[PDB]
Amino acid sequence: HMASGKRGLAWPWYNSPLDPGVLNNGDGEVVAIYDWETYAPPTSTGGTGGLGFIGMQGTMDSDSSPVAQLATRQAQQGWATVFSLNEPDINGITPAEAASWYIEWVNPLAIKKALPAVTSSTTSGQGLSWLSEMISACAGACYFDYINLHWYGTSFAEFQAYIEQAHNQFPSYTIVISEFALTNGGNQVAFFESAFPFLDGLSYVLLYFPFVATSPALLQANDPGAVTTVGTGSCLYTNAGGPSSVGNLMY
Ligand SMILES: OC[C@H]1O[C@@H](O[C@@H]2[C@@H](O)[C@H](O[C@@H]3[C@@H](O)[C@H](O)O[C@H](CO)[C@H]3O)O[C@H](CO)[C@H]2O)[C@H](O)[C@@H](O)[C@@H]1O
Ligand SMILES: OC[C@H]1O[C@@H](O[C@@H]2[C@@H](O)[C@H](O)O[C@H](CO)[C@H]2O)[C@H](O)[C@@H](O)[C@@H]1O
Ligand SMILES: [Cl-]
């Protein structure tokens with residue numbers, strides 16, 4: 001009788017043929033879209049199908065998301081939320097380097113802000129350890145509202161344990177899950193059938209974005225890396241641009 005309203009589209013740059021409105025039935029479960037960039041989602045309509053776009057400075061600077069244009073693009077587009085670096089914990093960016101960069105470039109955006117998306121790694125100096133060290137390096141000078149998690153693994157049990165552990169270890173922070181799926185060789189439908197009602201019940205999870213809101217054909221053509229690690233089971237769209245068996249869970 002009232003949607004949890006936590007679901008979002010992780011929307012790749014190559015999605016010009018696809019329509020985000022296909023996965024928005026107006027009920028209010030799907031509310032957000034991000035595209036790993038600070039330019040608007042490329043779509044078949046030129047719109048976001050009624051979804052709120054979250055700008056993302058996923059690199060420290062790029063040709064596609066120039067950090068010198070970050071403040072400009074927020075003002076032009078009127079984001080209510082911004083995401084920062086994508087997986088700096090496995091991209092040779094020290095917590096101290098991320099903290100300095102975040103204070104210079106993300107702090108000035110007077111809207112809701114997420115700390116960088118970290119991987120689910122527990123290997124030395126990665127994942128939540130990296131995040132804890134970045135918050136220490138921030139020395140109280142980073143303005144943020146959310147922590148940002150990725151998870152890829154082999155069971156719902158592992159995912160539930162990871163989110164409960166993340167909450168237990170950061171009990172005063174609201175969580176965005178900007179990417180999650182099983183790795184290749186599982187049943188992605190069964191995973192998301194378990195994950196959605198689990199996440200919908202957690203007050204401390206603001207948003208979750210299944211990897212990935214595209215078709216298998218587009219993922220294979222443009223992200224062979226993701227296909228080798230995740231497979232094509234978690235694609236929300238059919239190759240025609242309708243909802244997949246995972247897309248159908250978004251409604
Ligand atoms: O040069 C081709 C094209 O590159 C685009 O930049 C892309 C990023 O947009 C892309 O972003 C996502 C990844 O960060 C994430 O890991 O996977 C998703 C789903 O596949 C990606 O969409 O990351 C790649 C590098 O992995 C970049 O090449 C530019 O935005 C675009 O202007 C340009 O035409
Ligand atoms: O992210 C925390 C909050 O940040 C706010 O913007 C900050 C300003 O209040 C403060 O005066 O300056 C800093 C640095 O320029 C800003 O980041 C947002 O307005 C809030 O929405 C947000 O919750
Ligand atoms: Cl991960």
# chains A, B, ... in the order shown; residues from 1 in each chain; ligands from 1
>>> closest_atom_pairs(of="chain A", to="ligand 2", cutoff="8 Å", atoms="only C-alpha atoms and all ligand atoms", output="JSON lines")
{"residue": "A:80", "atom": "CA", "partner": "ligand 2", "partner_atom_place_in_ligand_line": "21 (O)", "distance": 7.8}
{"residue": "A:103", "atom": "CA", "partner": "ligand 2", "partner_atom_place_in_ligand_line": "14 (C)", "distance": 8.0}
{"residue": "A:106", "atom": "CA", "partner": "ligand 2", "partner_atom_place_in_ligand_line": "17 (O)", "distance": 7.4}
{"residue": "A:107", "atom": "CA", "partner": "ligand 2", "partner_atom_place_in_ligand_line": "17 (O)", "distance": 4.2}
{"residue": "A:108", "atom": "CA", "partner": "ligand 2", "partner_atom_place_in_ligand_line": "15 (O)", "distance": 3.8}
{"residue": "A:109", "atom": "CA", "partner": "ligand 2", "partner_atom_place_in_ligand_line": "17 (O)", "distance": 5.6}
{"residue": "A:110", "atom": "CA", "partner": "ligand 2", "partner_atom_place_in_ligand_line": "6 (O)", "distance": 3.6}
{"residue": "A:111", "atom": "CA", "partner": "ligand 2", "partner_atom_place_in_ligand_line": "21 (O)", "distance": 3.7}
{"residue": "A:112", "atom": "CA", "partner": "ligand 2", "partner_atom_place_in_ligand_line": "21 (O)", "distance": 4.3}
{"residue": "A:113", "atom": "CA", "partner": "ligand 2", "partner_atom_place_in_ligand_line": "1 (O)", "distance": 4.9}
{"residue": "A:114", "atom": "CA", "partner": "ligand 2", "partner_atom_place_in_ligand_line": "1 (O)", "distance": 7.8}
{"residue": "A:142", "atom": "CA", "partner": "ligand 2", "partner_atom_place_in_ligand_line": "17 (O)", "distance": 7.8}
{"residue": "A:143", "atom": "CA", "partner": "ligand 2", "partner_atom_place_in_ligand_line": "1 (O)", "distance": 4.3}
{"residue": "A:144", "atom": "CA", "partner": "ligand 2", "partner_atom_place_in_ligand_line": "1 (O)", "distance": 3.8}
{"residue": "A:145", "atom": "CA", "partner": "ligand 2", "partner_atom_place_in_ligand_line": "1 (O)", "distance": 4.9}
>>> write_last_selection(atoms="N, CA and C atoms", output="PDB file, in the first residue's frame")
ATOM      1  N   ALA A  80      19.947  16.187  -6.479  1.00  0.00           N
ATOM      2  CA  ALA A  80      19.737  16.234  -5.014  1.00  0.00           C
ATOM      3  C   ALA A  80      20.835  15.434  -4.304  1.00  0.00           C
ATOM      4  N   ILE A 103      37.597  16.555  -0.365  1.00  0.00           N
ATOM      5  CA  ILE A 103      37.449  17.880   0.306  1.00  0.00           C
ATOM      6  C   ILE A 103      37.520  18.989  -0.752  1.00  0.00           C
ATOM      7  N   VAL A 106      34.318  17.533  -3.952  1.00  0.00           N
ATOM      8  CA  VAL A 106      32.943  17.036  -3.652  1.00  0.00           C
ATOM      9  C   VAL A 106      32.323  17.879  -2.530  1.00  0.00           C
ATOM     10  N   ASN A 107      33.079  18.177  -1.470  1.00  0.00           N
ATOM     11  CA  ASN A 107      32.644  19.062  -0.353  1.00  0.00           C
ATOM     12  C   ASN A 107      31.853  20.268  -0.868  1.00  0.00           C
ATOM     13  N   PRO A 108      32.335  21.033  -1.877  1.00  0.00           N
ATOM     14  CA  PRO A 108      31.658  22.267  -2.287  1.00  0.00           C
ATOM     15  C   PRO A 108      30.214  22.107  -2.789  1.00  0.00           C
ATOM     16  N   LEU A 109      29.821  20.903  -3.219  1.00  0.00           N
ATOM     17  CA  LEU A 109      28.438  20.633  -3.698  1.00  0.00           C
ATOM     18  C   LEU A 109      27.504  20.574  -2.485  1.00  0.00           C
ATOM     19  N   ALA A 110      26.677  21.608  -2.309  1.00  0.00           N
ATOM     20  CA  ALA A 110      25.794  21.789  -1.131  1.00  0.00           C
ATOM     21  C   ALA A 110      24.514  20.969  -1.315  1.00  0.00           C
ATOM     22  N   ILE A 111      24.684  19.666  -1.529  1.00  0.00           N
ATOM     23  CA  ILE A 111      23.590  18.670  -1.679  1.00  0.00           C
ATOM     24  C   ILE A 111      24.020  17.419  -0.910  1.00  0.00           C
ATOM     25  N   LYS A 112      23.203  16.369  -0.950  1.00  0.00           N
ATOM     26  CA  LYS A 112      23.519  15.074  -0.295  1.00  0.00           C
ATOM     27  C   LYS A 112      24.695  14.421  -1.034  1.00  0.00           C
ATOM     28  N   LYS A 113      25.635  13.838  -0.286  1.00  0.00           N
ATOM     29  CA  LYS A 113      26.924  13.335  -0.826  1.00  0.00           C
ATOM     30  C   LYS A 113      27.212  11.941  -0.268  1.00  0.00           C
ATOM     31  N   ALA A 114      27.676  11.036  -1.130  1.00  0.00           N
ATOM     32  CA  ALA A 114      28.183   9.702  -0.738  1.00  0.00           C
ATOM     33  C   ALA A 114      29.709   9.674  -0.820  1.00  0.00           C
ATOM     34  N   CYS A 142      35.576  16.176   5.858  1.00  0.00           N
ATOM     35  CA  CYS A 142      34.734  15.683   4.737  1.00  0.00           C
ATOM     36  C   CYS A 142      33.260  15.806   5.124  1.00  0.00           C
ATOM     37  N   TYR A 143      32.474  16.492   4.299  1.00  0.00           N
ATOM     38  CA  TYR A 143      30.996  16.541   4.406  1.00  0.00           C
ATOM     39  C   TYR A 143      30.428  15.369   3.608  1.00  0.00           C
ATOM     40  N   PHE A 144      29.730  14.453   4.273  1.00  0.00           N
ATOM     41  CA  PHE A 144      29.075  13.301   3.606  1.00  0.00           C
ATOM     42  C   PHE A 144      27.822  12.902   4.383  1.00  0.00           C
ATOM     43  N   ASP A 145      26.889  12.274   3.673  1.00  0.00           N
ATOM     44  CA  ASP A 145      25.592  11.795   4.210  1.00  0.00           C
ATOM     45  C   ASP A 145      25.542  10.268   4.194  1.00  0.00           C
TER      46      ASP A 145
END
>>> residues_near_ligand(ligand="ligand 3", cutoff="6 Å", atoms="only C-alpha atoms and all ligand atoms", output="PyMOL selection string")
chain A and resi 119-120+150-152
>>> write_last_selection(atoms="N, CA, C and O atoms", output="PDB file, in the first residue's frame")
ATOM      1  N   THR A 119      34.706  -1.741  -2.708  1.00  0.00           N
ATOM      2  CA  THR A 119      34.446  -3.173  -2.997  1.00  0.00           C
ATOM      3  C   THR A 119      34.185  -3.907  -1.680  1.00  0.00           C
ATOM      4  O   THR A 119      34.451  -3.330  -0.604  1.00  0.00           O
ATOM      5  N   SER A 120      33.718  -5.151  -1.779  1.00  0.00           N
ATOM      6  CA  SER A 120      33.454  -6.050  -0.631  1.00  0.00           C
ATOM      7  C   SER A 120      34.725  -6.820  -0.238  1.00  0.00           C
ATOM      8  O   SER A 120      34.615  -7.743   0.576  1.00  0.00           O
ATOM      9  N   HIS A 150      29.745  -1.652  -2.837  1.00  0.00           N
ATOM     10  CA  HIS A 150      29.580  -2.683  -3.887  1.00  0.00           C
ATOM     11  C   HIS A 150      29.614  -4.058  -3.224  1.00  0.00           C
ATOM     12  O   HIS A 150      30.313  -4.217  -2.206  1.00  0.00           O
ATOM     13  N   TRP A 151      28.894  -5.018  -3.792  1.00  0.00           N
ATOM     14  CA  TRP A 151      29.030  -6.438  -3.394  1.00  0.00           C
ATOM     15  C   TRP A 151      28.848  -7.340  -4.608  1.00  0.00           C
ATOM     16  O   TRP A 151      27.835  -7.225  -5.301  1.00  0.00           O
ATOM     17  N   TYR A 152      29.805  -8.233  -4.814  1.00  0.00           N
ATOM     18  CA  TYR A 152      29.682  -9.381  -5.733  1.00  0.00           C
ATOM     19  C   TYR A 152      30.161 -10.610  -4.976  1.00  0.00           C
ATOM     20  O   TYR A 152      31.245 -10.559  -4.378  1.00  0.00           O
TER      21      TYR A 152
END
>>> residues_near_ligand(ligand="ligand 1", cutoff="10 Å", atoms="only C-alpha atoms and all ligand atoms", output="ChimeraX atom specification")
/A:10-15,34-39,41-42,58-59,62-65,85-87,179,211-214,218-227
>>> atom_distance(atom1="atom CA of residue 91 of chain A", atom2="atom CA of residue 123 of chain A")
13.7 Å
>>> closest_residue(among="A:251, A:173, A:53, A:162", to="residue 122 of chain A", atoms="only C-alpha atoms")
A:162
>>> residues_around(residues="segment 18-24 of chain A", least_positions_apart="3", cutoff="12 Å", atoms="only C-alpha atoms", output="NGL selection string")
:A and (5 or 7-15 or 27-35 or 41-53 or 213-215 or 217-218 or 236-251)
>>> select_by_dssp(residues="segment 50-250 of chain A", states="alpha helix (DSSP H)", output="NGL selection string")
:A and (70-77 or 95-105 or 127-138 or 156-169 or 188-200 or 216-222 or 224-230)
>>> closest_residue(among="A:153, A:57, A:67, A:98", to="residue 81 of chain A", atoms="only C-alpha atoms")
A:57
>>> closest_residue(among="A:175, A:163, A:71, A:60", to="residue 102 of chain A", atoms="only C-alpha atoms")
A:60
>>> residues_around(residues="residue 201 of chain A", least_positions_apart="5", cutoff="12 Å", atoms="only C-alpha atoms", output="PyMOL selection string")
chain A and resi 3-6+194-196+206-207
>>> write_last_selection(atoms="N, CA, C and O atoms", output="CSV table (one decimal), in the first residue's frame")
chain,number,residue,atom,x,y,z
A,3,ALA,N,5.1,1.9,-1.3
A,3,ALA,CA,6.4,1.4,-1.8
A,3,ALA,C,7.5,1.7,-0.8
A,3,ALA,O,7.4,2.8,-0.1
A,4,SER,N,8.5,0.8,-0.7
A,4,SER,CA,9.8,1.1,0.2
A,4,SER,C,10.6,2.2,-0.5
A,4,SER,O,11.2,3.0,0.2
A,5,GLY,N,10.5,2.2,-1.9
A,5,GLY,CA,11.1,3.3,-2.7
A,5,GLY,C,12.6,3.4,-2.5
A,5,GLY,O,13.2,4.6,-2.4
A,6,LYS,N,13.3,2.3,-2.7
A,6,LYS,CA,14.8,2.2,-2.5
A,6,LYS,C,15.5,1.8,-3.8
A,6,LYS,O,16.7,1.9,-3.8
A,194,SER,N,15.5,-12.8,-3.0
A,194,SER,CA,15.8,-12.8,-1.6
A,194,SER,C,16.3,-11.4,-1.2
A,194,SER,O,15.9,-10.9,-0.1
A,195,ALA,N,17.2,-10.8,-2.0
A,195,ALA,CA,17.9,-9.5,-1.6
A,195,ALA,C,16.9,-8.4,-1.5
A,195,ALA,O,17.0,-7.6,-0.6
A,196,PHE,N,15.9,-8.2,-2.4
A,196,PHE,CA,15.0,-7.1,-2.5
A,196,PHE,C,14.2,-6.9,-1.2
A,196,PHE,O,14.3,-5.9,-0.6
A,206,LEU,N,19.4,3.4,2.2
A,206,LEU,CA,18.7,4.5,1.5
A,206,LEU,C,18.3,4.0,0.1
A,206,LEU,O,17.1,4.2,-0.3
A,207,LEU,N,19.2,3.5,-0.7
A,207,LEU,CA,19.1,3.1,-2.1
A,207,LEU,C,19.9,1.8,-2.4
A,207,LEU,O,21.0,1.7,-1.8
>>> atom_distance(atom1="atom CA of residue 90 of chain A", atom2="atom CA of residue 191 of chain A")
25.3 Å
>>> select_by_dssp(residues="segment 49-180 of chain A", states="strand (DSSP E or B)", output="short mmCIF file (atom, residue, chain, number, x, y, z; two decimals) with N, CA and C atoms, in the first residue's frame")
data_model
loop_
_atom_site.label_atom_id
_atom_site.label_comp_id
_atom_site.auth_asym_id
_atom_site.auth_seq_id
_atom_site.Cartn_x
_atom_site.Cartn_y
_atom_site.Cartn_z
N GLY A 52 14.95 10.19 -10.49
CA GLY A 52 15.90 11.23 -10.06
C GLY A 52 17.32 10.81 -10.38
N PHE A 53 18.02 11.61 -11.19
CA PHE A 53 19.42 11.34 -11.60
C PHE A 53 20.38 11.79 -10.49
N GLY A 55 24.26 12.45 -10.05
CA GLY A 55 25.56 12.67 -10.71
C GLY A 55 26.64 11.88 -10.01
N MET A 56 27.68 11.47 -10.73
CA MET A 56 28.77 10.68 -10.12
C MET A 56 30.12 11.11 -10.69
N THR A 81 21.50 14.53 -5.02
CA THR A 81 22.55 13.63 -4.48
C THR A 81 23.69 13.55 -5.48
N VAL A 82 24.92 13.40 -4.98
CA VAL A 82 26.11 13.13 -5.83
C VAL A 82 26.89 11.94 -5.24
N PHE A 83 27.37 11.07 -6.12
CA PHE A 83 28.30 9.96 -5.78
C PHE A 83 29.73 10.37 -6.16
N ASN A 86 34.64 5.60 -7.84
CA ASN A 86 34.25 4.18 -8.04
C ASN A 86 35.43 3.29 -7.63
N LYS A 112 23.20 16.37 -0.95
CA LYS A 112 23.52 15.07 -0.29
C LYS A 112 24.69 14.42 -1.03
N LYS A 113 25.63 13.84 -0.29
CA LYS A 113 26.92 13.33 -0.83
C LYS A 113 27.21 11.94 -0.27
N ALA A 114 27.68 11.04 -1.13
CA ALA A 114 28.18 9.70 -0.74
C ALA A 114 29.71 9.67 -0.82
N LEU A 115 30.34 9.11 0.21
CA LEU A 115 31.77 8.72 0.15
C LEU A 115 31.95 7.69 -0.96
N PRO A 116 33.18 7.51 -1.47
CA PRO A 116 33.42 6.59 -2.58
C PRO A 116 32.86 5.18 -2.37
N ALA A 117 32.30 4.60 -3.43
CA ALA A 117 31.89 3.18 -3.48
C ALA A 117 33.13 2.31 -3.27
N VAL A 118 33.14 1.48 -2.22
CA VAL A 118 34.25 0.53 -1.97
C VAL A 118 33.78 -0.89 -2.29
N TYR A 146 26.20 9.64 3.22
CA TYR A 146 26.07 8.18 2.95
C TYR A 146 27.45 7.56 2.77
N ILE A 147 27.56 6.29 3.17
CA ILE A 147 28.63 5.40 2.66
C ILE A 147 28.04 4.60 1.50
N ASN A 148 28.92 4.12 0.64
CA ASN A 148 28.56 3.55 -0.68
C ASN A 148 29.27 2.20 -0.81
N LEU A 149 28.48 1.13 -0.96
CA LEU A 149 29.00 -0.26 -1.00
C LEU A 149 28.77 -0.87 -2.38
N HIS A 150 29.74 -1.65 -2.84
CA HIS A 150 29.58 -2.68 -3.89
C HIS A 150 29.61 -4.06 -3.22
N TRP A 151 28.89 -5.02 -3.79
CA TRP A 151 29.03 -6.44 -3.39
C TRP A 151 28.85 -7.34 -4.61
N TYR A 152 29.81 -8.23 -4.81
CA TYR A 152 29.68 -9.38 -5.73
C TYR A 152 30.16 -10.61 -4.98
N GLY A 153 29.34 -11.66 -4.97
CA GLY A 153 29.67 -12.91 -4.28
C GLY A 153 28.80 -14.04 -4.78
N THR A 174 24.16 5.90 7.03
CA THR A 174 23.18 5.45 6.02
C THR A 174 23.95 4.90 4.82
N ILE A 175 23.46 3.81 4.25
CA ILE A 175 24.17 3.03 3.19
C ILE A 175 23.43 3.19 1.86
N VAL A 176 24.19 3.45 0.81
CA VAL A 176 23.77 3.23 -0.61
C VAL A 176 24.52 2.00 -1.11
N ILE A 177 23.81 1.09 -1.78
CA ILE A 177 24.44 -0.07 -2.47
C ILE A 177 24.37 0.22 -3.97
N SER A 178 25.44 0.75 -4.56
CA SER A 178 25.42 1.30 -5.94
C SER A 178 25.64 0.19 -6.98
N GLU A 179 26.15 -0.98 -6.57
CA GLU A 179 26.27 -2.16 -7.46
C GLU A 179 26.20 -3.43 -6.61
N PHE A 180 25.37 -4.39 -7.01
CA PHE A 180 25.43 -5.74 -6.41
C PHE A 180 24.80 -6.76 -7.37
#
>>> closest_residue(among="A:154, A:169, A:121, A:25", to="residue 187 of chain A", atoms="only C-alpha atoms")
A:154
>>> atom_distance(atom1="atom CA of residue 138 of chain A", atom2="atom CA of residue 105 of chain A")
13.3 Å
>>> closest_residue(among="A:233, A:140, A:127, A:92", to="residue 184 of chain A", atoms="only C-alpha atoms")
A:233
